[PDB]
Ligand SMILES: *[C@@H]1O[C@H](CO)[C@@H](O)[C@H](O)[C@H]1NC(C)=O
Ligand SMILES: *[C@@H]1O[C@H](CO)[C@@H](O)[C@H](O)[C@H]1NC(C)=O
Ligand SMILES: *[C@@H]1O[C@H](CO)[C@@H](O)[C@H](O)[C@H]1NC(C)=O
Ligand SMILES: *[C@@H]1O[C@H](CO)[C@@H](O)[C@H](O)[C@H]1NC(C)=O
Ligand SMILES: *[C@@H]1O[C@H](CO)[C@@H](O)[C@H](O)[C@H]1NC(C)=O
Ligand SMILES: *[C@@H]1O[C@H](CO)[C@@H](O)[C@H](O)[C@H]1NC(C)=O
């Protein structure tokens, strides 16, 4: 019932910008918390950013403070990201993450920074 | 073979209550007087529990070490193990695999090889020496009464009366049918068994039991029990009663002998 | 076994002060934890203040930190909530809750509480 | 410990005071099920096994008896009618390194629902389709042993809450670890009630002249009435004498002769008769018959 998909990915250069999405179905975004994870090649999966269920407080990881901006749209049931200030270290496959009863992880999207 | 008689030995304090200069009667798991106890020498057979064990031992050097308690002494039922050593005693109940010939120049250990499914563990601080114990397993517990006294003879139980003080209670709560001793020279140890018996206990001015009588050994001590005195004056003292018990329980009933025609509704060709 | 009657509401200009109270009756000694709830119009009922009866430790939310205080009176068996430096985003329904199972921070609606009748605090 | 290996450790023959847990000033979700926390230290229960993990703090409300979820389904399940305490507190200041604490590695997938009070340990991966995995991770392998990411920039909901479970089960065994028992000082030579280590009663505690061996715990004399109780702190032996009682008798010479009477308080010390009856609560006409010039024993 709960399903997440990811789109909007592409290949960009260093210093570029892209806007990323994660659509949600089967549950409202006003009652559940969101997390975003990334998988670099040769590295373990690490947390990127999170929005609380009330929508009041937003947090980011230590390497991505000041450059990333995560947001949500309550009407369209889709979690968005304003992504800026690129380095080559952020080349990873991007997965959104939620706990609705059980965990449901989307198929992911490819972002290559070179 | 080689049985021994126990001369008025094996009486314990029944509770934690101090009583001074008063004759008190209890009903507990005691030793009946003048019962048979066993003596073995090398020799470690398997003996049953039978609802309470009086234990005694006479030694010159420390030959005996510990015991293996259990039900089947195998890898399906839980088994208790107490091993005393030179500086420590180890108390633990686990799932054990005892050897076929268990024994224990300064070190030898081939009694078990099994360390799975342990539940409890406990460490405390432990012919010339006479050491009397009580093993009992009542209501999921294990209580130990003890006394240490010196004697110098190599034949039988020494004379004297001694009252046994409780030491240690265990939270084990398993079923126990058999146990078996462990040794390393020769040494002696005695085993008696408890039976439910009513006693009359004599306390001194400071609460140490100096005499006792059994209320079923002989009718003089039974009059001592029902009179609550250790000196009985001359006369007739009515104590108890008796009844003759029935044996056969025969059955008598009249002649059944009617033979109603159900044979025509069981043995005819058209109903 | 725990009954709560609360009062002290009303209307005041922003920047003023108000003081809520919630009287407890019944099994007083079983009550371990007093929490003050708040439900804005168009919002879910959230937590504002906390008070342990045994220890006296207080907990506050980030939107009410430095402005709101909570105190306990064991003689009258009544918890108090004093409001200082009010802003017009505080117009909501206030509730007092008594707990008998221990203390839990932050406050949650789905746990077992003895709930009050609700009071109106309106600021502008 | 980890959530794949939170051991069911037997810590026995100890004490555990919980007032130091009460005034620690750091607890968040102190939840005692079954019994109230105010009556947790004075009375205990058996089977005092304990658990430990640092669980992620955003579904501690899912940790409840009769409530499923993610932790209750795949990590730690509570039985119905839980007797015990689950304790959660803030763990932001000490378990937080740079880049996330990748040491509390946790299981995300399991084929069946967890039984209550089960430590689940495994290496093999989740099975969800029909095509088997050949060791190399593929499209339906679904590696359950995932990572908690615990960064210092997380909020208090995302920062983990350290869980310890002081579960109390019911088996045929006495208790091993219980809370402490507070005790006041002793008073002497007074008709006072007392709370010793097991026995309570009414009498006068006096100094003794007898001696004890080190195994008697209390005493008794003939006709089953006690005489001594051990005080286990000071190591000096005290006794009991029952504080006094008796009947009263009134001596009169006749109402036609005079109005005066004499009252006989029998077998007492004749100094504490205003302490014996309530002279402050009765009449002033009764208060002149408790003390005066004609006091005679
Ligand atoms: C003890 O056993 C011996 C030999 O079996 C026997 O002679 C003796 O009578 C027994 N004692 C009692 C009290 O029956
Ligand atoms: C250990 O003993 C318990 C108690 O009977 C039993 O339930 C459990 O299956 C045993 N485990 C093993 C590995 O033998
Ligand atoms: C021990 O055995 C008896 C009879 O076989 C049984 O009634 C009892 O429940 C058993 N106890 C345990 C702990 O297995
Ligand atoms: C019926 O007849 C058979 C053979 O004669 C006999 O064995 C059987 O007992 C008879 N039935 C009854 C009820 O007597
Ligand atoms: C009171 O009565 C008794 C007997 O009835 C009598 O002996 C006595 O004298 C009386 N007292 C006075 C003062 O009359
Ligand atoms: C009665 O109490 C007084 C007050 O201390 C004491 O001096 C006296 O010895 C006591 N007498 C008796 C008989 O107990």
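These residue numbers are counts, starting from 1, taken along the chain as shown.
Looking at the header, which is where the method is noted, we find electron microscopy, 3.0 Å.
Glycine is no exception: its Cβ is also placed from the backbone N, Cα and C atoms.
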Looking at O-linked glycosylation site as annotated by Swiss-Prot, pick the matching residue from B:6, B:25, B:79, B:249.
B:249
Residues flagged as region 'Disordered' in Swiss-Prot, choosing from B:226-242, B:243-259:
B:243-259
Ligand 2: which of the glycosylation sites B:36, B:117, B:175, B:206, B:249, B:267 have a Cβ closer than 6 angstroms to it?
B:117
Counting only residues 6+ apart in the same chain, whose Cβ is under 8 Å from the Cβ of residue B:36 (N-linked glycosylation site)?
B:3, B:4, B:5, B:6
Which of the three DSSP states, helix, strand or coil, fits residue B:215 (disulfide bond)?
coil
Give the residue from the glycosylation sites B:175, B:247, B:249 that has the most other Cβ atoms within 10 Å of its Cβ, counting over every protein chain displayed.
B:175
Where the criterion is a Cβ under 6 Å from an atom of ligand 3, which of the recorded positions B:36, B:118, B:175, B:249, B:255 meet it?
B:175
What three-state secondary structure does DSSP assign to residue B:85 (N-linked glycosylation site)?
coil
Going by DSSP, is residue B:225 (disulfide bond) part of a helix, a strand, or coil?
helix
Counting other Cβ atoms within 10 Å of each residue's Cβ, which of the disulfide-bonded residues B:94, B:118, B:215, B:225 comes out lowest?
B:118
Which of the listed glycosylation sites (B:85, B:117, B:206, B:267) has the least company, meaning the fewest other Cβ atoms within 10 Å of its Cβ?
B:267
